[PDB]
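Participant: Quick one: this structure, given as structure tokens, is what I'll be asking you about.
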Amino acid sequence: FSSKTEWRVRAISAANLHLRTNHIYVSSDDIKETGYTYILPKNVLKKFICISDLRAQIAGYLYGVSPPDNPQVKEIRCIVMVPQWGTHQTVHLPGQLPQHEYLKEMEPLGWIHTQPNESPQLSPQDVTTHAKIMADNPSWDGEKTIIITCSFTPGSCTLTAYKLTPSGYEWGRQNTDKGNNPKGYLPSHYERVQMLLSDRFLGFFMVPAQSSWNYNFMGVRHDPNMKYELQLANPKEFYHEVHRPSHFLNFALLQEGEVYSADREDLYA
Amino acid sequence: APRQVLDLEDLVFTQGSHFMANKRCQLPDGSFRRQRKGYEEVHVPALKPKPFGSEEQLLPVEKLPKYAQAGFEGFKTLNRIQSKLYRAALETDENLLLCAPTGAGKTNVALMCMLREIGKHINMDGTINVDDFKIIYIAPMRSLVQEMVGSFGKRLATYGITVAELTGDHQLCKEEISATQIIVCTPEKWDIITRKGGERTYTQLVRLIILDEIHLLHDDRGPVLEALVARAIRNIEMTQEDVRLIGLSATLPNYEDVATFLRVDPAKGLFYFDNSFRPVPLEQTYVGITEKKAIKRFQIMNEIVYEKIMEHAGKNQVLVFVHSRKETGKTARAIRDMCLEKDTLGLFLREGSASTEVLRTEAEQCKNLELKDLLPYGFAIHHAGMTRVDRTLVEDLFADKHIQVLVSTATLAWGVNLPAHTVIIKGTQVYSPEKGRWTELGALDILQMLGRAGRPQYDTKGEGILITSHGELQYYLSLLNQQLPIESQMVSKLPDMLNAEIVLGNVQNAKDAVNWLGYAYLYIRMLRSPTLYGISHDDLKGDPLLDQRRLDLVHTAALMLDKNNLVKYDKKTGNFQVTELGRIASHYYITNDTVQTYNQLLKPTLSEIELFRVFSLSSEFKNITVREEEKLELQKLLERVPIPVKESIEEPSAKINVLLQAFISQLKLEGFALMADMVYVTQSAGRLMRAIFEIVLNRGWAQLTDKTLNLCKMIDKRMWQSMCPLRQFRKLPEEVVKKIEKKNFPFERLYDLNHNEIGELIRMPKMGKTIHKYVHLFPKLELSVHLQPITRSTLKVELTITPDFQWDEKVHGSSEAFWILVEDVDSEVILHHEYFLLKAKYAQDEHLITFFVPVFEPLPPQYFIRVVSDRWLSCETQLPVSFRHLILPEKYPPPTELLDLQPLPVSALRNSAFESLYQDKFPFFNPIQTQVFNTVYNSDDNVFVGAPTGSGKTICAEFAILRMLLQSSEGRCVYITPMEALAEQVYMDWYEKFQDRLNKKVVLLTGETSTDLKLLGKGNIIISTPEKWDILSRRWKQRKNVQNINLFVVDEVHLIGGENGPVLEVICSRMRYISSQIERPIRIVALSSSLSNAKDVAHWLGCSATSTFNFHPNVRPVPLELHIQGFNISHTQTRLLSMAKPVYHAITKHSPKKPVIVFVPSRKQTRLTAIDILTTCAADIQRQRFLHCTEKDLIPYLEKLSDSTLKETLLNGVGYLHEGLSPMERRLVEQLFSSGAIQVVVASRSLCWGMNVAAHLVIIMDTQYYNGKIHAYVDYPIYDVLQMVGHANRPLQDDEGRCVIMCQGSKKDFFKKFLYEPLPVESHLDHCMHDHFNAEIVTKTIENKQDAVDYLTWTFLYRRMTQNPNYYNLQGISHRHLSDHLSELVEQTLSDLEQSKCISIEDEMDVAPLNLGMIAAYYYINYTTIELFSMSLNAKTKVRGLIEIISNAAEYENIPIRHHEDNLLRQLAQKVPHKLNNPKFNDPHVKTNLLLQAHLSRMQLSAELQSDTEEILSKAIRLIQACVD
């Protein structure tokens, strides 16, 4: 990434990121119908779309539960965003989990990230990243945990959803080569899960206590296992001033620079 | 007549203050014109002081006032002008207009005019002390502000009254500006503070408005000066109170015009003295260059410089003025090149080598800046830039007689009085960033730098050189003379001024807009010279009034403000409507053209690049462009920022964005045009961001307002969010902060280490503890909050905001400001916001804010509330609210629909012998009675009734009472209400309705045991209150006369859901089980308001449902015309300040010819509100329209009073109410307000309860009140709002009844929602347990946990806690959850009862009452207070212990504390009998023991405290007897 001019062309696109969210289309396709069916509150998709970036892979953990007396629907009432650094087509996060007061009564539903570009199938990196999250944390169960990828389509935002199959868990648990076409990647690993929008409920977002979610500026300030607290507050926009320090703290200017043009009108207050 | 639109752009005179509207100038005495080679000189002789008149003697500071002789240190005898003006300047409030030239000390004339106000406030053993008066000295320059601040502080300190610069933020420097006396500021600055609302308290404490450099009316910002002048004059006249205008203006014409403008008496009040009063006779060479040639002009001007310094190179001091910073030292060293290419001929300004302090010249050689290269020689400069004390050491160097030649900038002339033997303004050309281009320098600077060409001491005959343009040459002679009128600049400004006048309320209609013009200097200018002001003598003579010109002008500004939508003003009537965009424009002094443009562009999720974009869209710098040569570094600025400007090309907006982002990252620029451009855009960025974010937060864009607040924070703190807030502590090292950020040691985990491991981060362990000091001083807060739902559309959430850091008045100051925001699902939909501030006293202390938040019909996970410092950037804390386990309440089904019932006449009940007192008042029944008769009168079962206050449940319960009386003659009805005085209202009505007619004894019992024992059961109808029927009948089983009562009326039932409810509800359930025991039920009349859960009341009462006729407040005998008026002014000070006039407006608009109930938040304040209403209806010049009868017949009510305000207020017919007022005064006030001669009652907050006299329009003002426990304000109850509103009742004649309430912006939503919507009542007996537990346990009804739970099984909690489980703290919906809750309930109640050792808990099964709880319950005392007794009192105590313990009971612990009451109790216990140790006067117990001792010795107190004292004795004797027990 150019970090200087592809920086700002991407940011001035990122100035418009809120026109995106009100044009949606969903993957309408074959449902096996005995797997869970996931409920999306349009608000968290509003915030997700707005704070993201047009290249950098940004992701979050989903939190929510099943309603009383009818488990087969899993309503997601929480989107957590984690410290990170993402690629343009894969997002890398710390292994260690969110846990917090409001995080008590929910389980992790899986995770959801963005995508500049489109293809009607799951990344081998997606299946394997999730299978390796599930390699460590059995809190993630096979028939429970999903991946939702949000392609930025021309005049629309599209969200394709998958769950892992046990054979996909197998290949991902195995995976060493994370390349764009690893040997042994095929349809045989992923399966698309039922998702739908619903205007009935407003949930909440989550953000680290001592950080914000976007370290994409700070790939050295990120770690494999580095731990974090949580709190209830808004994520900062991907290109926020706060995680934008060295461009704004690039300061080499002197006091004498005011000694010139020393007319000192205020005329006010 | 109908309005005609205008074109007012070309009707301005651009280049204001350099216009020189006078086309021909007049030469002075010895003046002539000298012709040189392409450049002309005007040789002007100097003026001579006036010839000495006989007995014309100056004053000494001794033969002026003997008192004001203080602060006069350093003066011997008064200067001629001050001595000629002082007598009139001090002896009376006669306003002043001074006409003179610089060099007299007009400051010294204003100082005498201010010693007048000084001597206006005095005492003997008490001082000038500033708790009396405030004044304001205004001048248009902040350099002069700092000067006069230093001077006024030192000089007026000797009186002890502090003067300061009015430079603080409105709320940051309001508490500390209340402690200061007369202040100093600028015209526009004071205007901003007043239009914002900072002056809303200082006004009417203001006596003297002094205006220095008053000739500035001809200036650019003149619209602020003249609009403020108009404000002063008009509001002073509108109030009939005066304010003095003491102005000092340069010698010029238009003195009488400005004298009529200042309303000062030119007769004996004005003055005249031309330039001959200037100290140093000013001989002027006004030489212009006449050529255009620019590269040759940059030589010709330098040549004039060369010759002028050749003229000064002898014995003299040459002080040059230029319009930049680096020119000070660039024209210098060019004089070095001049005297050095003169072959050191003309140099050496001394007599010789060791002459003229060459040793000091060389000895002070090394300096701060590049001054050194010259200072070894005789040339020097001045500016603020070089260093901090550099300009100091240059000015004092010149004053030490060694600096023969100095070149400098306009600030160095504006500053301290550093005079010159001769001064020269060079070029007179400035580059204006406000004009974007070349401007002739201002005229105030001209006079300022021209008073320093020649001195009072150091120079005799001033030589004043002006090298200038030979176009503006003759104007420069008219300026050297007093030929120019002081013209006003209204035309360009007009629209914003008019919008702001309406936005504050000074123009209600275009009528008042013409009234705004009729008092301005503009209309006065044209009243002198419309021929000059663009209105010919033909039209001006066919229309004398100039109300035609006012209709033309004002209407065009109105139409423009309409076209920009910052006004809403209908052409028909003349009146206007204001908006939040217009309010932001007014409050930040912004224009509504670019304001509306920004409003149109800024969308919801428009990025931060979009925010800086619509910021570059600020057309205040519409003359921003691209610099041709500087376009190279413009791209460099386009390269060094992270948020790219690339959206555009090199252009005006690109300049805006890139200069702004550079100077936000604190970038310097080589080019001076670009430097000033960035300076200007960033200095207007304050107003831009403030107004933008203001309209954003007023709208409700959550993440958008967050982004804009971040941009405003970056503008304020000159740094971005990814750069540490650590840069806001400036005594802290940049390298330290940078090493803390190198390895980002997070702003979260920094106090996770101690100052060992804190310094372990960047290994600087001599700085780690200072770092921790900076961290802990950065205000940082935690908070805890509880959310409990009311209904599926309401959940009330109380937040206590605590600080987790410490504050210091050198870091946080006198206050801390942080905004908290309650926001929905995606931090885009904003629910509600609070701007919370930690006071000076309240630092580190918990601050509680509660809010009922929306979630109607919702199944969503949570919400947020972020609390971030306004001032401090990157300083925040989040408040989550997660709804995983949040469930809904049961939604209420629709109410029993009001059927169609033909009006019932009093012939319904056939007992005319009973209707004898009914047929006389009303002919027809209301819908409530017409529906509920068939359930109440012809029926004998229990009944529940919901109807709004003001409908008539009186006849509903009377039907049942008359029925039971007809059943049995002496058969008894126990009527009980939650209010004692309202039950006494029931007494004074029902006793006269029944006993005089029905012969049956109807009475109202009292607290007295034996009195009630004899009275009750003897009469037919018995009126009681909550405790009245709790304490008694807690003895139920042996209580025979209460047991033989026929029926029970619970009137005002839904009081249970409020405070003091559980007492009455406990009486209800207890008497219910008693009626179950009595084998004859006692019909239960539940009469209350519109209830959501009326079904629960019906279940608690056991009445049939097809008879339980519940209605909504929408079925009320008279409907309510409902109006709500928000408040975006947080501080109740300015809120109540501007709550006056709109109250009158809504009065006259709703019902001008009707009675007015003005509910004011204070017994103290209703007089204030009715009086301000009288003084503003004096503006509505029709006086005493609220009086409908004659002055003389009202007198016998005036002969029976003392209070002096009521005389005037009621003779005008408004009047107010209070507690200490006479009883006959209250009766006669009700008499006048009822007879309607005084068709207004202004009434205290506490009065509407027992008030049987209704009004026509009810208006509630300040729906909160102040309690000293939180030392703060709290909002009103829902039943209280309904009561103060519904106390407008006019059913006999009027077709409506009106309720209007002015609430805060915070409470607007819940207030509007629960005004007409249905209100519930829920359980509080689970909150207050030990009372009934101990009492019934002693009374042998609560003898085991089983019987306790059985009483819990017929309670009100039984229904409520299961119906609405969020407030029940149990997340369970089933009978097993009811089991867990009930077990917890009885266990913990009898647990604490046996814990305080008050009762016996046997074998863990049985519960019986023992001595402690026995005496407690007997005396009707708190069990906590009884344990305080048992474990404080001992055998050793005398009355010294008795008084402390007796006041330390909870029996008085609801007692109040009033406004600044902590001085009262402390300065009373100063000399009262018994003191305390480190006590609080904000303490209930200390206050109560203090009042007890005070009254025991019988010292003289106020009735406000004697009411408290008598109430304390009402519950003192019982506590004292139980204490002996």
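Chain B is numbered as in Swiss-Prot; shown residues: 404-1928, in order.
Looks like electron microscopy, 4.2 Å, at least that's what the header says.
Even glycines carry a Cβ here, placed using N, Cα and C.
Annotation source Swiss-Prot lists domain 'Helicase ATP-binding 1' at B:490-673, citing sequence analysis. The motif 'DEIH box' annotation in Swiss-Prot covers B:615-618. The feature domain 'Helicase C-terminal 1' is assigned by Swiss-Prot to B:684-921, with sequence analysis given as support. According to Swiss-Prot, the feature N6-acetyllysine maps to B:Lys971. For B:981-1286, the entry in Swiss-Prot reads domain 'SEC63 1'. What Swiss-Prot lists as domain 'Helicase ATP-binding 2' is B:1337-1512, and the listing cites sequence analysis. Swiss-Prot lists B:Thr1428, B:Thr1765 with the feature phosphothreonine. The annotation motif 'DEVH box' is assigned in Swiss-Prot to B:1454-1457. Annotation source Swiss-Prot lists domain 'Helicase C-terminal 2' at B:1545-1753.
Tell me about the surroundings of these features in the structure.
Facilitator: Around B:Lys971 (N6-acetyllysine), the same-chain residues at least 6 positions away in sequence with a Cβ under 8 Å from its Cβ are B:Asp965, B:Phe979, B:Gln980, B:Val981, B:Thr982.
Note on B:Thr1428 (phosphothreonine): other Cβ atoms within 10 Å of its Cβ, all shown chains, come to 24. According to its DSSP assignment, B:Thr1428 (phosphothreonine) is coil.
Across the motif 'DEVH box' (B:1454-1457), DSSP classifies residues as 2 helix, 1 strand, 1 coil.
Shown in sequence order, B:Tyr1771, B:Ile1776, B:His1780, B:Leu1781 are the residues of the chain, 6+ apart in sequence, with a C-beta less than 8 angstroms from the C-beta of B:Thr1765 (phosphothreonine). Look at B:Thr1765 (phosphothreonine): DSSP puts it in a helix.
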Participant: May I ask you to report the DSSP-based helix, strand or coil state of B:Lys971 (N6-acetyllysine)?
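Facilitator: DSSP call for B:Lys971 (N6-acetyllysine): strand.
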Participant: Please work out which recorded stretch in B:684-921, B:981-1286, B:1337-1512, B:1545-1753 has the most C-beta pairs separated by under 8 angstroms from the domain 'Helicase ATP-binding 1' (B:490-673)?
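Facilitator: Stretch with the highest Cβ contact count: B:684-921.
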Participant: Treating G and I as helix alongside H, and B as strand alongside E, what does DSSP give for the motif 'DEIH box' (B:615-618) in helix, strand and coil?
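Facilitator: Summed by class, the stretch gives 2 helix, 1 strand, 1 coil.
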